[PDB]
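Have a look at the structure below before the remarks.
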Protein chains: 2
Amino acid sequence: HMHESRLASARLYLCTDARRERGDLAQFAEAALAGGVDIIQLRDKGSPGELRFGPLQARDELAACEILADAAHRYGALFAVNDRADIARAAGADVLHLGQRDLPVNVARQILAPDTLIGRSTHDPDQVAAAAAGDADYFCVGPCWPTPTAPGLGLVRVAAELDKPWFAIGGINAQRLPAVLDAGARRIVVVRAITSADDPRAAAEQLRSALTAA
Amino acid sequence: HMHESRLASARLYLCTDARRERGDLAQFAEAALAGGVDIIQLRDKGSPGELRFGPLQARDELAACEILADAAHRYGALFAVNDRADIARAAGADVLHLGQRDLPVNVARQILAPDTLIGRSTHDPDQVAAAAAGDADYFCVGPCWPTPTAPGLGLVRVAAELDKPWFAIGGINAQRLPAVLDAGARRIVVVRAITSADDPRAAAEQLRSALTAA
């Protein structure tokens, strides 16, 4: 109900790992949410923590979800969980984000409370089309910039010219944001731009200032 | 309904990774099930595949579940999925196995079809007690033998002297089985004993012969 409304206006999306190697998850989320983050997603896959201790177990993941879910709600933000529909339901997440290789949307809709929102990752023009017409509540478009693991801004353009909310994602930061807005994107998902900042709050405020400034 | 009955008599339990680096999952499961395996569980965590390609994504996991679920059912065996209640429901698994650090049982019982069975891993006398008295349909006891990641046979003994089915687990093979039976165990979960055998079928038949021979 209210989630669609909050999502509809969200412009700054953040994905963060559990930060198990730093132990400052709670404080880090405070800083970032106080900085303007509208939606925050727990996505530990490929994190330094996963590299040092291995994949996140459910118990620990639930613990991190409660921290993130509580902070998000105290700031009027949305809390999203990646791939696991069982964790999402146990944690009462506002959003379940499903990439192309994660659980099938229709399967997730069977487990999740009816009001939970679903997001999808898209990487080519066909997925973008399928997402815009699909069941999804929102979708991401990218990676805009290459990573050791890339559609580029051309796909952002395809999304801009087709009303479901969609976000631009992939190596986005302050310096590259002008190009992202140029390609027609009005919402963005960021990671390292805030995740590895010396001052998450400031980093976030800076990004949100440029965002609303369009 | 029928699952409790099949579980009640099961003596040979097998845990196998998706075998992504070998691509012989289907044939491997055939051999093992034709060899007497009563229950087969997909548990990819810490596998060579996870080390080379990373954690198993949901889509791929579901693909492996369908292979294993079909083979198990063709042989009258049970098919179990580890930790993910969402994957279990999507795959129609007969069993969801939950270790101590995985999803909470009560959470899983909310997602799973009512007839799905739940198993639990136990590692000390208190967990064994909690499992024997708990909601669980069965539980495992171990690791009996150390691994680079150990309760030993002393815990198997605690389980034997208290009726819920329980399995002995942890570095079990042909040579060590006599000790396991000595400690009072009547059911076992094996991994490498069959998983890395040159002839899974024969390896399995051999283990089941000693098992029933008690």
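Chain A is the first sequence line, chain B the second, and so forth, proteins listed ahead of strands; every chain is numbered from 1.
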Quiz prompt | Salt bridge flag under 4.0 Å for residues B:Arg43 and B:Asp17 | solution =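 No, this pair does not count.
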
Quiz prompt | Salt-bridge present (A:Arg20, A:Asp44; N to O < 4.0 Å) | solution =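 Counted as a salt bridge, because a side-chain N and a carboxylate O are separated by less than 4.0 Å.
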
Quiz item: If you tally heavy-atom pairs under 4.5 Å against chain A, which of B:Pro55, B:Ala58, B:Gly46 wins?
Solution: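 The residue among B:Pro55, B:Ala58, B:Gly46 with the greatest pair count is B:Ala58.
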
Quiz prompt | Largest heavy-atom contact set with chain A, pairs under 4.5 Å, which of B:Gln110, B:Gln100, B:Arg89, B:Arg84 | solution =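 Option with the top pair count is B:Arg84.
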
Exercise. Could you verify whether a donor N or O on one side chain and an acceptor N or O on the other, from B:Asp137 and B:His3, lie under 3.5 Å apart?
Key: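 Side chains of B:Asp137 and B:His3: no pair found under 3.5 Å.
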
Quiz item: Which answer fits A:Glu61, side chain, backbone, both or neither, if we ask what part of it has an atom under 4.5 Å from a heavy atom of chain B?
Solution: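 Neither part, no heavy atoms under 4.5 Å.
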
Exercise. Go through the steps to decide whether A:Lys164 and A:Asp135 satisfy the test salt bridge (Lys or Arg N to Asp or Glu O under 4.0 Å), and finish with yes or no.
Key: CA-CA 10 Å; A:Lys164 205 170 305 190; A:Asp135 166 44; over 6 Å; no

Quiz item: Picking from A:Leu62, A:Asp102, A:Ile87, A:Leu103, which has the most non-hydrogen pairs under 4.5 angstrom with chain B?
Solution: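 Between A:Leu62, A:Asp102, A:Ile87, A:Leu103, the count favours A:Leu103.
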
